[PDB]
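First, one chain by itself: the form deposited in one PDB entry, in structure tokens.
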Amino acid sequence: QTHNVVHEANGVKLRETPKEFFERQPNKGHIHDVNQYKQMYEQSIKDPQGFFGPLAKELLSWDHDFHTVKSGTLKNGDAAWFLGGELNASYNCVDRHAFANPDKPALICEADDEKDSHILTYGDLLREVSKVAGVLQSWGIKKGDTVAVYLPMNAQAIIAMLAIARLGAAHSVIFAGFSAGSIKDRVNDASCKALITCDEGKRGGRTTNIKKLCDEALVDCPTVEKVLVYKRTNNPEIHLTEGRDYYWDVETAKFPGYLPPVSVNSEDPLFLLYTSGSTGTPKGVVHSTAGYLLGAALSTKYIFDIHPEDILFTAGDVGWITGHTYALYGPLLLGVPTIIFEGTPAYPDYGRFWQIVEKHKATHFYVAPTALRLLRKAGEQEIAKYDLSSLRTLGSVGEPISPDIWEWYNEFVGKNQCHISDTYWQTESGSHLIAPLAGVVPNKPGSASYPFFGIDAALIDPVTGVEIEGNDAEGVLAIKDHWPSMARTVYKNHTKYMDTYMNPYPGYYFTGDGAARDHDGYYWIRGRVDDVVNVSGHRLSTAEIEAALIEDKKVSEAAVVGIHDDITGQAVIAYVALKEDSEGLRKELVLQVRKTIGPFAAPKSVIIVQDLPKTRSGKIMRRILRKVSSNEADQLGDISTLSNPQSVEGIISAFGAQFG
């Protein structure tokens, strides 16, 4: 009843799924009740062969059957699923649905300005994906190649990804907010032979540069042989390099509306998605084909309760894993329409999300708490203008959801009639790890609830490294066996992969997160233990920001840490020591970060100090910057172990004077 460790769970009223959820459910639920979920979950752990075997044969269409469901171990980093099987991602996301119902909506595309919105059916999607795949084929793209995509969140980004996967190549989607430098680093690490981009973008009604940044990056990308450019704005002033750049519309018009998909092995790579960790350089997280697709389909169907009649609106960007799995692969695998929103939640006004839901009668809505906090602050008044009664599942992703935000989400968006799915997962997991199945698992606001099929979650004592038995516990969140959609490697750097996920806690997968498990088995995410900073849902590398600040010849040393933020969840604070206007130089360093990484990595604040605290070796002690960036300087303790203990006073004074 009472918890001594997991205080979040004390006196928390369990929240059953509202009765209206089942009234709006088009068919019988995919799972009967929570007891059937526990029985199925236990088979997915104890007998993954008999559990995932049948599900893989139901939900995916195979070109060659698989002979072995599961292989390898975490400790040896050789996980594999559905071995010997062959399939194609674009066939399972497009072809098979187009043959069955070519006129069914596939991509419900809401542009930055609604006047530019349009809907592609599955038949439309097959023809356009076939044409792009025909261009890439004519250019020499083939199984084993990588192709970069630098596109906003619109139809062309989806078509590019599916066209690449149709040939057996792996796509590497580069979020449209990345700078030229970040584009360069990602294209070169993957040795991409081609790039798919557009001339310009539309964001909040403003024209954004896209091709311009690519040209800047491509000067140092010798592997890129040809570029496909979509005329998003058709601006005649956008230059194309003769012999390298070609127009989407011109080249697709040369090839037919059907191209055979290329069968690939279950374990052939489907895509690279570069991610930021505690290292200084982005790591290309590699996902398999069959296992990743199955996880996407499984979680989308069972956690969100998706039926053929439903319509999913994932308010994410394909530049991130959320868009990968739940705006593209998840929905299209199940054959339902997915809403691809190119704009922002604030344009033309803070009701846009709800105008879209009402316009298309979306049944499922998936968004990050950062957006919920913004609409609670600036757009609560807009909600009453829209009919949101078509909704029944409300998802939350990317970061902790406050109990308060949970209630606001539940009341103002769901009218206290929808099921909320707080989905915990990460880029490397491919799909949901811990989440309340819609209509099945009752909720505790702020808790992700139970682990999903194939996810044998555990807590590890951070002092002893041994697994913690029993409930009312806390520790490092780890997973005891691999699962179908687990990332298989870091591109051309499997040693970093092993050192990051498998070697820290041998026999386990290290999520990088801490968590707690209450007496009912519900998991409560406590945050990253590895000091990875997550700003507005964007996973960031503090080391990458430190490197950017140092490129400025004026900076001698820099240290970046994360702190709580009422708006972005977390914010990065940069401490800079100069060699030697203070407000002017502070703006110069912030712009330096925007140029090298991107606008979304810029520090919320730059604190200029005379000296950083260090060890007797000379290493910077960021632990002191963290306790100061929060009002916990009284917890720094004995600092006589520092070589420069006198610097601590200046750091407390500088932070108090310059943080604002």
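Residues carry their position along the shown sequence, with the first being 1. The term rigid core refers to the most C-alpha atoms you can superpose between the two forms while keeping them within 1.5 Å.
Gaps at residue 474 occur in none of the other compared entries of the protein that contain both adjacent residues, all of which model it rather than a third dropping it. For residue 647, the record comparison shows coordinates present in all the other entries of this protein that model its neighbours, with no third of them leaving it out. Where coordinates are absent for parts of the deposited sequence, a chain break appears; between neighbours residue 566 and residue 567 there is no such break. Higher mean CA B-factor, judged across 62-70 and 595-603 from the recorded values: 595-603. Taking the mean C-alpha B-factor of each stretch as recorded, 420-428 and 99-107 are not equal, and the higher mean is that of 99-107. Of the candidates 204, 451, 446, 465, the deposited coordinates give 204 the top C-alpha B factor. Highest C-alpha temperature factor among 299, 511, 76, 381, as the PDB entry reports it: 381. Ranked by C-alpha B-factor against the other modelled residues of its chain, residue 46 falls in the middle third.
In this PDB entry, the Cα temperature factor of residue 30 sits in the bottom third of its chain's modelled residues, the lowest group. In the PDB entry, a CA B factor belonging to the middle third of its chain's modelled residues is recorded for residue 18. Looking at the C-alpha B-factors along this chain, the one for residue 208 belongs to the highest third. In this PDB entry, residue 56 carries a Cα temperature factor that places it within the lowest third of its chain's modelled residues.
The same protein also exists as the form deposited in another entry; that form is not shown, yet it is the one meant from here on.
For the residue set 56, 628, 601, 606, core-aligned C-alpha shifts between this form and the one not shown reach 2 angstroms or more at a single site, 628. Core-superposed comparison between this form and the one not shown: the CA of residue 39 stays below a 2 Å shift. Superposition of the core reveals a Cα shift of less than 2 Å for residue 27 between this form and the one not shown. Annotation for residue 67: C-alpha shift under 2 angstroms between this form and the one not shown, rigid core superposed.
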